[PDB]
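Working notes, structure below.
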Amino acid sequence: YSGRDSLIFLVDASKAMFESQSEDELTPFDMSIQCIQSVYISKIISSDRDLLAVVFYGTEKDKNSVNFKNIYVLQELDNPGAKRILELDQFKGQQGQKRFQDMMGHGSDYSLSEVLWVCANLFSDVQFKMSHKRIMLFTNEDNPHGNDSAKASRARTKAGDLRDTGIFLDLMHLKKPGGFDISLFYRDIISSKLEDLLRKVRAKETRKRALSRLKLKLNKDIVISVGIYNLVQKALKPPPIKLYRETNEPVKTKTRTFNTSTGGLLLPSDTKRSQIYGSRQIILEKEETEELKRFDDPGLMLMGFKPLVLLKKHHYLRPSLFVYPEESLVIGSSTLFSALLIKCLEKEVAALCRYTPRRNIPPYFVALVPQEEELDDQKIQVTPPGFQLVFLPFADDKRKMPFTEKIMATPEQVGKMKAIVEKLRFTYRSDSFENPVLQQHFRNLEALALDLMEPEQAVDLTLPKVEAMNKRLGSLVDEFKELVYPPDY
Amino acid sequence: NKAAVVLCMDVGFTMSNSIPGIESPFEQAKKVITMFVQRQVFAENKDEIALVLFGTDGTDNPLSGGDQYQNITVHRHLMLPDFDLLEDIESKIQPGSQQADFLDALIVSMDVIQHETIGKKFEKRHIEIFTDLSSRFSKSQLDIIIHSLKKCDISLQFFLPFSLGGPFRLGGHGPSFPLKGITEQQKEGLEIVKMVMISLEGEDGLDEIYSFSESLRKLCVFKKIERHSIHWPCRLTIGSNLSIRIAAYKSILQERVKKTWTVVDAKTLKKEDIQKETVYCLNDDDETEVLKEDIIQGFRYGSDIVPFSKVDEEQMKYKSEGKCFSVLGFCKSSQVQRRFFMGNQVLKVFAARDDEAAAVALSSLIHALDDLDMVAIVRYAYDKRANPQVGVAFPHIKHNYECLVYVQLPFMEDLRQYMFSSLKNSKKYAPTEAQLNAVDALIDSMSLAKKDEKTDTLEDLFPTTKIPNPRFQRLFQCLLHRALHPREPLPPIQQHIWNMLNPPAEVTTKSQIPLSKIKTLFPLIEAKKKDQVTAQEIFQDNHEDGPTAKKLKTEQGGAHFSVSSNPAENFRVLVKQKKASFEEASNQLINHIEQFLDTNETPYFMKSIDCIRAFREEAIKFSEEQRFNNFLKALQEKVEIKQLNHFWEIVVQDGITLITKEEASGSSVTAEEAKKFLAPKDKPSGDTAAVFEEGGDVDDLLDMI
DNA sequence: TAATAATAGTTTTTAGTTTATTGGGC
DNA sequence: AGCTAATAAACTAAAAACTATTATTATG
């Protein structure tokens, strides 16, 4: 979807950060630096098509575009960029605190009125497409209003006003996390998670606007527009980008089939494909070849209906594909299917059709299940009720049944390994893992910006352990041995 | 895989005897077998074939064998099948005028196959025979054929025009095929063959009894020569006491060609002028070829392309740890999602062979999560050559040893978050009983399972998984199309691919009944730009036809052009134009004649009467004498009904002075010329007692009477 | 006199080839 | 004690969806 979200980290310029704030752990100065960078990095790998920046409201040395006092801009409103990470790395530790003294000092008053106003000006500056806007703010106090109410009034008044503008806010507890402690100026209209903020997302690039739409039909008389979305795919790799030896820029790739006849040139028209079949030379052109790849026009002829007798536990082609009735050009799509979405639990006879992605693609016998709802507690209607068109195997796809073909064996071993099977178990968290191999590469890739061997090597609860979960299930499994002579040597 | 095959073919008109709408089993079998051969050769499969015929006009089999081997023409011998041979199969093998025992040809097959099994490496012996049952049967050879299939152990397969397991169909069921309503020699051959072949193959016999149409569509020979799953050396380790070796096998694959469309030029038809050259210039305004080894392969990071080597990434990458396979997680079978899947292949895993203990353990292990309805999450690291795969293994049911199949499960990275409103709450549209019935009308009318009884498990009356990728044979169609016919363009549309895939017509017509009213219930409208782009096949319906103008060779086609951009000449040129249907410019120009007769000027009516009296010859010479006489009778009355003393008196004057009639529509004009005179005029009538108009009338009637 | 409208411009997949590769031998 | 084979990953082009645009005619 066209649209760009923006989130900006707002930090204060006064004492409170450099002091640990009644907590033996690292100062809110320190812990912020670590957390923001971690979530910075996550957003970087999340997207580059996104605008980022950080500013220090308050200052001892003015440094912003508009040159208003107590304003220190540190990051320009930027897309993610490795040099930025390069310059952000060195804020860490007491040395970073020294820099903070060098760059601005430490400690300066503030006025959220100007602070909020100039931030909106920052957003008014960017002309890019605008989807969403949010602010990450940091403080240790529960209320800046230990002074005249005019600032407090001005702050809250335009807090609603920027709410009319539509900026979602979240104040983090830099004091005692949670504890119902920090609530004095923020139980109002003003809108713990810190570790989960850092542990929020890792190695993901969000996509949008799913492709592959086509039109269905009932009989050759009528066709209906419908948008087919894709649920899942395989893991992709980033396209490698060639670079020069040391100036490190790409150069052309230029395939040019030279001729041994004269050293001259060849034409694609001169190219006509060949099958070397013994003495039977076969010479066909590309387009007649490409036409041979076609059998029928992109379309869906409905075969009919089919009960819940298929789905033999032997066949699965490429993953099925979401279907949604879209008013692309056929005026009226879901109005017909207003009667089938209900006709799902009350009717399990499924339907199938062959499918053609486009011309040059074989027709694909494919079966459909209309889709149901699992709207979650907070109205989370994941997998909207549509249709799921599963493929079906072809004759050439089916494999031979193994020739060794006999009857099963005793359940005396079932007795022993009952205790195995119900002892250790997991929750089937389908969201308990990613590709650790892949993200490690990312970790390897970007590691060449901070001079560290490999950062945050993570292998979550996805590999079994020869002793940890062996004995978590217990050596009872070691005790259960009822098949004599383990054939292994 | 390896096999031994001998081609026992049929030749005979009775064995090509058929009915319109159903192809000749001679040709049906030939199409299936050239399919076998094209798959045999195009896919580069090695086998030794041999061709023998029965019912041949004459015999070529050297073994007379008591004249039981007559009409047997041995054609091919042990060599790899070749395109010319298959071309011979298409060409030479045509239904003759001779019938010989199919069982005698069966003895031919065992003889040659036993000749060809002498020291020849073969992993399979198979026999191929097809006959529409119009040849004599026999019984004296039952013992020798049984001992041949029992001792020499040569497999065989065949099909009939009858299926054992309405509308005419090339591959579907046409008219009902009664194997009892046929002549008894067919049935006797049918009975003798079936008891033999259920004796040899056991229970592999009844399945290969199709109608020749059904074998023409679905699997008939594919299964006999099919690729078996290949072993995978693997091991299952659980805990630290027990570890069992396992063998994995793939079940689903994307069919593809090992070969490539080798590039040859059209002028030299060879690869020897297409030698590779791919060069890389510095892409600056100044091009500058960079040496390939000078490459650096960086990756995009944010807006930056951080330069990366390969050997580095070759080192600090992470990989799966070996060809290992062991379960990790557990949960019940109900938690799985039909939608939450990957795995382009399907993999079936069993124990390592020659070890029944591992099979017993797996068979025992299957029982647990089967009686427990349990599913296990097994980690899949097939080897170090890729990252580990992940997902749940589900049990597989079977009449024998069960199985487990690993399926990949979605990552967080690969999951889409496209969320959409629920149409159930769509206030804009609600299901109506009308569309409900429209939906229901096809729910019950249309189904592809066989539904007659509960004890009879529902099955696909028109199976779909028993049909391979259509492209490959369609490829094979054009390959032989060009191989046998180098000059012939593309192979034709070749309906039969649709027919093997066409829905059951009876079901389709059964669909035609409700879908018609269902459509008409709720017709729908569509927007524009829903059409293909080009249509430039030829400039017209056809290139051209060859007619041409003839019969006017005078050398004055023009150059004296009949210039043409109604007193006398316009009408005369119009009647000279009596060349197209002769019925025009005369039926409607008489009004012009009238208004030209208006007697406003003397030449007006004189040239008026000349035109008519010139028209009279035209219709005589333009075959319009019938309308001529029609107008003759018409004109006189038409000029007398509106009577004035000026015109008509002269009209009849000129008329009767030069009225000319020659027999047209019989003596009609002869009567017209025999009678052309006047009639006396009587006293005018008064008799007007309705208004005072008679006043002036009576005034006149009394002044001067 | 000047609103409207088919249109290609970027990626995104995706599928066809390309590769270097353990596997067993004897 | 000499010998190699299917193969995912990798590498390609290929068509597309979605944007974002621009001629095109009423209008005067």
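We count from 1, first residue shown onward.
The header says electron microscopy, 7.2 Å.
Cβ coordinates are placed from backbone N, Cα and C, and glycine is handled just like the others.
Features as listed in Swiss-Prot:
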type     : residues  : note
MOD_RES  : A:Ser20   : phosphoserine
DOMAIN   : A:216-423 : domain 'Ku'
REGION   : A:232-296 : region 'DNA-binding'
CROSSLNK : A:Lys242  : SUMO2 cross-link
MOD_RES  : A:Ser261  : phosphoserine
MOD_RES  : A:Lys272  : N6-acetyllysine
CROSSLNK : A:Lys272  : SUMO2 cross-link
MOD_RES  : A:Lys286  : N6-acetyllysine
MOD_RES  : A:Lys293  : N6-acetyllysine
REGION   : A:328-437 : region 'Interaction with XRCC5'
MOD_RES  : A:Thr410  : phosphothreonine
MOD_RES  : A:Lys416  : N6-acetyllysine
MOD_RES  : A:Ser432  : phosphoserine
MOD_RES  : A:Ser475  : phosphoserine
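Structure coloured by features recorded in Swiss-Prot.
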| residue | record | DSSP (3 states) |
| --- | --- | --- |
| A:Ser20 | phosphoserine | coil |
| A:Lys242 | SUMO2 cross-link | strand |
| A:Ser261 | phosphoserine | coil |
| A:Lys272 | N6-acetyllysine | strand |
| A:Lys286 | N6-acetyllysine | helix |
| A:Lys293 | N6-acetyllysine | coil |
| A:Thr410 | phosphothreonine | coil |
| A:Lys416 | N6-acetyllysine | helix |
| A:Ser432 | phosphoserine | coil |
| A:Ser475 | phosphoserine | coil |
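Cβ contacts within 10 Å of A:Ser475 (phosphoserine), excluding its own Cβ and spanning all protein chains shown: 13.
In terms of DSSP secondary structure, the region 'Interaction with XRCC5' (A:328-437) contains 18 helix, 20 strand, 72 coil. When the C-beta distance to chain B is held to under 8 angstroms, the recorded positions A:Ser20, A:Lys242, A:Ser261, A:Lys272, A:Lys293, A:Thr410 reduce to A:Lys242, A:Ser261, A:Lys272, A:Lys293, A:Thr410, listed in sequence order.
Listed in sequence order, the residues of the same chain lying 6 or more apart from A:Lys293 (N6-acetyllysine) and placing their CB within less than 8 Å of its CB are A:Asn360, A:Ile361, A:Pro362. Distance between the Cα atoms of A:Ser191 and A:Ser192, which bracket 14 unmodelled residues, is 15 Å. Shown in sequence order, A:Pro250, A:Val251, A:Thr253 are the residues of the chain, 6+ apart in sequence, with a C-beta less than 8 angstroms from the C-beta of A:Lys242 (SUMO2 cross-link).
Around the Cβ of A:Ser20 (phosphoserine), the same chain contributes A:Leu26, A:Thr27, A:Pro28, each under 8 angstroms and 6 or more positions distant in sequence. A Cα-Cα distance of 60 Å separates A:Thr410 (phosphothreonine) from A:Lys286 (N6-acetyllysine). For A:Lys272 (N6-acetyllysine) paired with A:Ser261 (phosphoserine), the C-alpha to C-alpha distance reads 17 Å. Looking only at the modified residues A:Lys286, A:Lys416, A:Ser432, the one with its C-alpha closest to A:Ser475 (phosphoserine) is A:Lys416. Cβ-based crowding with a 10 Å cutoff singles out A:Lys416 as the top-ranked of the modified residues A:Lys286, A:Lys416. Here the Cβ of A:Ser432 (phosphoserine) has 15 other Cβ atoms within 10 Å, regardless of which shown protein chain they belong to. Here the CA atom of A:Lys286 (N6-acetyllysine) lies 23 Å from the CA atom of A:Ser261 (phosphoserine). Other C-beta atoms found within 10 angstroms of the C-beta of A:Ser261 (phosphoserine) number 15, with every protein chain shown included.
Distance from the CA of A:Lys416 (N6-acetyllysine) to the CA of A:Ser432 (phosphoserine) is 30 Å.
Between the alpha carbons (Cα) of A:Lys286 (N6-acetyllysine) and A:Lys416 (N6-acetyllysine) lies a span of roughly 63 Å.
Most Cβ neighbours within 10 Å among the modified residues A:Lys272, A:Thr410: this distinction goes to A:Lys272.
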